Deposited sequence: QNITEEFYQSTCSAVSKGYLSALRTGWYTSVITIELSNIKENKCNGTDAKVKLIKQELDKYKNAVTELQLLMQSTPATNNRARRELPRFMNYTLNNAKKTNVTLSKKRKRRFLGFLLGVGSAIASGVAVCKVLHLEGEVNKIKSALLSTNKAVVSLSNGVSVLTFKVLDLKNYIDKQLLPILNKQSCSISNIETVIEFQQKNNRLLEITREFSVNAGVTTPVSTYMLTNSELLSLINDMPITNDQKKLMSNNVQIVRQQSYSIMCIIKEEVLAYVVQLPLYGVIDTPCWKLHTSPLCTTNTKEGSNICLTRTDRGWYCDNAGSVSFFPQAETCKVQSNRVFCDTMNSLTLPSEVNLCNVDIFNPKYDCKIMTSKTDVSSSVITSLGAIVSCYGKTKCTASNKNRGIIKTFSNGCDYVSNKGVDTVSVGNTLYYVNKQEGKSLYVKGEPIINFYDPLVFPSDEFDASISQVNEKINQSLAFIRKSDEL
C-alpha cells in the first residue's frame, strides 16, 4: 500500500512504483465429473400436473445430455502466438483413451475428491461437484415406475428442478461458448469448490493464500474445457492457473506525446515513447506486458500473464531513469500531429496541450485551479478531481500515494526539425540518431561537392 509515482518532464512519462506481482507462469488442469443417469423409458400413463412437470424436467435433462454429446463430438505485435487450452486439450485426449474414465470413476467412489495419476505420467486432481444420478434414480425412478406415476407432494418437483438447473446452465454455457468457457462461471465451479481445489494443488502455502484471497482474478484467468461423456459420466477440465512468481516489484509506465510548441500547424515535430505498460520482475530479468490490459490490478498486486509478455533486462528501468543511457536503446515513435490529449495515470494525470486547444485542471469545490499552457504537463490527484482537455472531460483517480515531479528539459528541444525523421512506429533513439547522421552526411556531401 506504498504506491508512489514519478513524472519525468524530460520525456513526459510517469512511473508508478509500489506494486507487487502474481505472474501466471503455468497451468494446472483439474477434472470435474458429474455422475449422470440413464433415463429408461418412463412407461407410465397419466398426466397429472406434478407428473407432467417431472416429465418436462426429465425431457430437459435428456436434452441437455444430448446437446452435450453433440458438443463433444504500442508494442503488442511482438508477443508471439500460443495455444491457451493446449493442456486441457491434451488432458481431454488422454481421458478419451479406453480405461482412463474407469479409473477416475473408481477413484471418486466413496469420497468426492481424489488425485488420479493418468497413464501418461501426469497426476490430475479429479473432483465430483454434482451427484445427479443418485437423486434421479433413488428418488424419482421408483415413484415413476411402481405406482404408475402417482406423485404425492409438490416439493419433489421443485427439488428436482433446483438440482437440474446447474446442469442445464452448464449445458447452456457450453452450447453458447462452443465448449470452451472463460471465465469459469459459478455454475461450472462454485466458490467453495474453487477453494477446495486451491487448497489441494501442489503449491506453496503463500500461493494457496494468494489464490484464496483473489478467487475472482483466478476465475478471470482460467478456462473450462468440455471433455467427455462416456461410461455414464460427464467430465469437463478446468484449466486453473498457477503463479510461480509472487511478491516482486512491478512498475507501470504511462507515456504521452512530447511535441514542439511552435505557433503554426507546420514546422512542428512530436515524439512518444512506445514501451508503455506493466513491467515486472521474475527471475534476473524484467517481464514486459505491452498491452497493459493483459494484467488485472488489485489493491496493490498486479495479476499479469506471462503468455502475453516479453522478457527484457533491467536496462528497461535504466531507460525509465535516464533515456540517453548507452546500455539500452529506448523505444520512441515520431509524428508531426500536435494533438491534445491526457493520459490518466494512477496518482496523477499527464496533460499534453498543443495547438490552440484549451486545457484545464479543475477541482470540485473551487473550480478551475490550473490552466495548462503549450506543452505536456502533469498534476497530482491531491487538489485535482477532474481534468478537462479540449471538449473531453477526464476524471482522475483518488488513490492515495506520494506523487512526485522530476523537472527537466523536453528532449525534443535538441533535434533540429529540418532533419527529424517524422514517421515511425517501432523506432528508437539510436535508430533516429543514425537516420539524422546519414541525413547530415547527405547534406554535407551535397554542399561540399
Absent from the model, numbered along the deposited sequence, are 74-111
